[PDB]
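Fold and geometry: a report
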Amino acid sequence: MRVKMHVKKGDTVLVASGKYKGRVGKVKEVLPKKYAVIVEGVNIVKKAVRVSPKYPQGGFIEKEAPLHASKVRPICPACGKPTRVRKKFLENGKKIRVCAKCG
Amino acid sequence: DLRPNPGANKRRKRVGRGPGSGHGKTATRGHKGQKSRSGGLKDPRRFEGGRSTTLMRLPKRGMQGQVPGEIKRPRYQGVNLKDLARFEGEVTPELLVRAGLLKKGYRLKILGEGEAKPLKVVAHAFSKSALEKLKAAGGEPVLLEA
Amino acid sequence: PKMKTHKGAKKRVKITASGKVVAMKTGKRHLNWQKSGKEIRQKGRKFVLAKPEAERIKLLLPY
Amino acid sequence: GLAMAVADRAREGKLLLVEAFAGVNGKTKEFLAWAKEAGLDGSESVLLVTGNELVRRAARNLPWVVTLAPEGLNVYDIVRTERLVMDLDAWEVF
RNA sequence: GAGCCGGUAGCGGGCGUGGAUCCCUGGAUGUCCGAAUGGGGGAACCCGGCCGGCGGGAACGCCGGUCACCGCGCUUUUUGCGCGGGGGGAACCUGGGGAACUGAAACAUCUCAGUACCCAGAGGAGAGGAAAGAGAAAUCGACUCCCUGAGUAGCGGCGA
RNA sequence: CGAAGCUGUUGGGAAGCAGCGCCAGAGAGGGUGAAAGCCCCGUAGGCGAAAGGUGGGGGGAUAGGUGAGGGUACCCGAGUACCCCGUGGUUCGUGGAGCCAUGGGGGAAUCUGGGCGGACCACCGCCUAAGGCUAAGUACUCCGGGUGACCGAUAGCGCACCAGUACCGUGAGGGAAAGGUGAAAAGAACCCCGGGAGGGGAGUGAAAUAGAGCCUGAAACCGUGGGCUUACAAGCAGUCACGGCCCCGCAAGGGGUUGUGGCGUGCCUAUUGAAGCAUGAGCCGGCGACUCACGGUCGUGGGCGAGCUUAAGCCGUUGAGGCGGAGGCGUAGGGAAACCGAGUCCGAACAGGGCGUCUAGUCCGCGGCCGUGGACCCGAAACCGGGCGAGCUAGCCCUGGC
RNA sequence: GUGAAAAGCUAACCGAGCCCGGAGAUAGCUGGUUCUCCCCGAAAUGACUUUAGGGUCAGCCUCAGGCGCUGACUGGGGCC
RNA sequence: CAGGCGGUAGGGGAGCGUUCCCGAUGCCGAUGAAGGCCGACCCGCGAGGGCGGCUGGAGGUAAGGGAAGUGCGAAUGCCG
RNA sequence: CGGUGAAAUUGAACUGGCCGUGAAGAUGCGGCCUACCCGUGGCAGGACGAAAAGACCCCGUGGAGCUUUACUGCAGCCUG
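The rules behind each value
The residue numbers you see begin from 1 on each chain and track the sequence as written, which may not match the entry, and residues missing coordinates are not shown. In the order they appear in the text, chains get letters beginning with A and ligands get numbers beginning with 1. Because the shown chains make up only part of a larger assembly, each value pertains to the shown part and nothing beyond it. By convention in this description, side-chain values take in all heavy atoms of the structure and omit both hydrogens and water. UniProt positions are given in the numbering used here, feature names are shortened, and annotations may be inferred rather than shown by experiment. Patch rule: a residue counts if its relative accessible area is over 30% and it has no salt bridge; like charges are joined within 9 Å, and nonpolar side chains (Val, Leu, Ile, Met, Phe, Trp, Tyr) within 5 Å. A 1.4 Å probe and the Shrake-Rupley method give the accessible areas. Residues count as covered only by the protein chains that appear here. By salt bridge we mean one thing: a side-chain nitrogen of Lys or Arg within 4 Å of a carboxyl oxygen of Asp or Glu. Here the positive residues are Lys and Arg and the negative ones are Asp and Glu; neither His nor the chain ends is included. Charge positions come from single atoms, namely NZ of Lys, CZ of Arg, CG of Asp or CD of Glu. A run of DSSP states H or I qualifies as a helix once it reaches four residues; a run of E qualifies as a strand once it reaches two. Both are numbered from the N-terminal end. Buried residues are those whose accessible area, probed at 1.4 Å on protein chains only, stays under 20% of the maximum for their type, while exposed residues exceed 50% and partly exposed ones sit between those limits.

Within the PDB entry, the label attached to chain C reads 50S ribosomal protein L35, and the organism entered is Thermus thermophilus. The PDB lists this entry under the title "Crystal Structure of a 70S Ribosome-tRNA Complex Reveals Functional Interactions and Rearrangements". In its Sequence similarities section, the UniProt record describing chain C reads: "Belongs to the bacterial ribosomal protein bL35 family."

By the naming in the PDB entry, chain A goes by 50S ribosomal protein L24 and is assigned to Thermus thermophilus. You can read under Sequence similarities in the UniProt record for chain A the words "Belongs to the universal ribosomal protein uL24 family."

Re a positive patch on the surface
All names here are of chain C. Together, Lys25, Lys28, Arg41, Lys43 and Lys46 line one region of the surface with positive charge. Note on placement: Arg41 falls in the loop between β2 (20-24) and β3 (45-46). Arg41 sits in the exposed class, given a relative accessible area of 68%.

Topic: the pattern of salt bridges
Within the structure shown, the criterion is met by seven salt bridges over all chains. Between B:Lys42 and B:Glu48 there is a salt bridge whose closest N-O contact spans 2.4 Å. Taking the shortest distance from any N to any O, the salt bridge between C:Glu53 and C:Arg56 comes out at 3.9 Å. Residue C:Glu53 and its partner C:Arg56 are both found in helix α2 (residues 52-56); the two are separated by three residues, about one turn of the helix. Looking at C:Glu53, the relative accessible area reads 40%, which means it is partly exposed. Here the salt bridges do not stand alone but share partners, grouping D:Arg9, D:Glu12 and D:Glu82 into one network.

Written out as structure tokens, the structure reads:
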């Protein structure tokens, strides 16, 4: 394969692949595609330790990898990110847009 | 068209074979008291004989088996009429042989049996038969000489 | 593969049109009998009454 | 082969403008626009010979259909199909 | 393009919005073993000539160094460079050496086989190569690979 | 860079469906919580490659190569060819065997000369040896690729798992086994058995006949425990029979088992001749053996059909195609041949005598049936080559010892 | 190769060491077969074989085209 | 309707069971492909084919015919 | 009596005997004779018992060696 998926927090956007509702980003790696952003409620019961809040049983989490989300752009729907010829920044850029030059 | 169960056109049969099985006549060979099945089983090209296969003979036809070459002689080609009395326009080899059928023939010879239109056709050597069928009743030419 | 037919056999025999396995025999090889008397003469050709079949084959490429 | 085959496949509904338009000859949709304005629709299948890159670099994804151009001959797939069209009798081959 | 601390995995602590993460091409590094080549040397463990450099006295060990090699060209007489090159590489080259079993329903010619296989230089190719040719045709016109000719000519205890 | 709807109701969960809206030179393929074009990765395509560097065509191309004829008139790859013997190659094993390198001695000549058209003389022909260099179109593979009616992890690659390891060796050498929880470890919290081990609950958990020799999990081998059998008894044992003896059908019966009675010499390989203590048979699973290439050759649906069939390329083929005549069998035979001819050959022979003529044939797949092939399946002690080889036994060889 | 001797020893086995390959060496040597079913169902002989538990041709079992009353078995009738 | 019918090798007739092909941008398919344990119905003379239940956990390939490393009790076979 | 715990061989069994029969030396076949189930620790008579695929032996136009006034050469000695 290869290292090509998404980006950083900002807002990202939670969805319903069996979960529902939408929220902001958090963190994300590409190797296996795994990452996080609160919401996804999952608890990993710890072992016979204690150092931490105490012995065994874990807590809150998150969990996913592949596709299955979106981005912010209120009212109407959302689009992509075009280019630059003689406008604002030289001939580069792009920070998630509605369909004009914002988000 | 379609794939309207296009089986076949009557008779064929891929009649393959197979290893061993217990059905019908499967499993056997046919022989015994006749040893000959080997890793390089005979082959079997004629083989056997067990009597020089009547090869007690001998060759007499002596004219070959020399070495480098054979006998070198320009082609030897005769003929017959009942082959193309059809078209003529001008009965000459190449136009024939070189066409329809028939192969090279340096020197030309002619005969066959049937009849035809006595018309002049290449003749690097002909037969009396044609003479009459192309004399006071036909047309014949001449040979090479070059 | 190939099967380069055998010259010798072909050095003598022939299939007279009819597919008949016919050819020469063995005998009057310049007397090898002696006796001034008489006989030798007798000679000719002959088919084969069961092998002939076989033969013709190893000469299907050479003819 | 195909001789006797299509004959009966004409009792089916062959035809073949031998060369027909459709539009941009490069925009898939519009080509079909002459599919309907002609009388065809994904069901009884068909094929065709278009010796021009034109409709080739166009017909792109030809499901249920032909989209040829050069010459190789694909009767079989026509079996699973039906109707069709040609590029000149000459293109077929004298 | 904004994630990295090989994977596997943390206790343990660190970096990118002056822009990392990671594939890259030139080239700075890389002990001893490694044809290894100052010398020994059941490699990878081990003693030197000589100049300058370190500590330090000299030393000893630390360093640098530089020092086998033959050959043709070079270089006067032992003088000095130059390269080449030993060494390397799955098939495919060239050459030099070159079997037996097996067939021959025994066996000694013949067979396998110039095969297996050893040794020999080089290239990606290699080998080859331009007529003291072919051959019979008032002819063709370097050499290599395929097309057949032709399994024909022929070789042959004319036996296989 | 790229292309384009969802939706609720149920559903673990929805790639389920209707009502329908959609980009589509681009619906290849890998895929994200149940059989997804409009969804992560792509696929028409056309952007462009460098700094690094960097493999080279085209372009230009640089020093380094490019008139004709006429008579004078000497001059050119030697221990060389050509002899010779032993020769090898050539299809060429001596044979009427030239020419190639010849190992051995001989041993010249240089154009009004010199080699070959396979012996020694005579006519005619193309070439000019004994200097060396020479591309292109040729072979090839660990991998890169692709794909691959390529295998798909007791395969295949020895090998997808840290093997050329464990290991066996002395060298050489030789060689193993061993992939698979799951959408996510989320990998077990906690408390009573408690030697850690190995337990029960609970929880996560769509799923613990889901938890770490855990995927699904059969088979030989295991009894808990159930049901039908049994201590007068003789048997390849199983069968057939009335009968009785526990599940199921209202019924008809369907069952399971067996009493006795009857009935009973198995099984796989060899042969006048078997069941047989003539062999083999651990046991269950699981692997196992004539294609196929090429080549020969009788049939079969066929088409063409005196006529009937083109390799090796070249454009082109996602794919396909293909265009692309040299190569066959016949269209006759027969004859040593010369060569005659529906006819040939022996013979002096018009004659005698054996081989001649509507002989449709011809190529496909399939198949007989063969040729090389090992072509069925493995296997016997050896012969050939090269490597290992006396860290054991040997003999002496050096020197320490007892 | 060695061998105060047999023919012995050479990684315990040595009248010819073992690694590794030249080949499935080879081989008339020995053992192997699993679907249903359905039609004829013969030799254990002859000739010749360094041939004899191998082989050529034959004959009794196979298939197809063709011919077909003529066939196998039978009385008599010549004629051995 | 006469007939035929045991029958080793051999030699015919099919049929059957057994893995890729297109059909496969066609069709079942989680109210299940696939394994299976069971089946004491139906179809197969057989080959088998079914045909439906419970365990079973991710795909399958129609009619058709087009290709075949199989139609394996075993060889003191290979292995586990 | 507690503890740890193989083997080569491995068709399978519900394996008597006599008188007798069948490849001619059976519990397994007759017919006739006995024999309640499982034991232990004893002699092995047979289980042609194991494991060794006869090696004496004949078998292989199968193998290895030595040797002769076999047949053919290498050698190296020789001889112009």
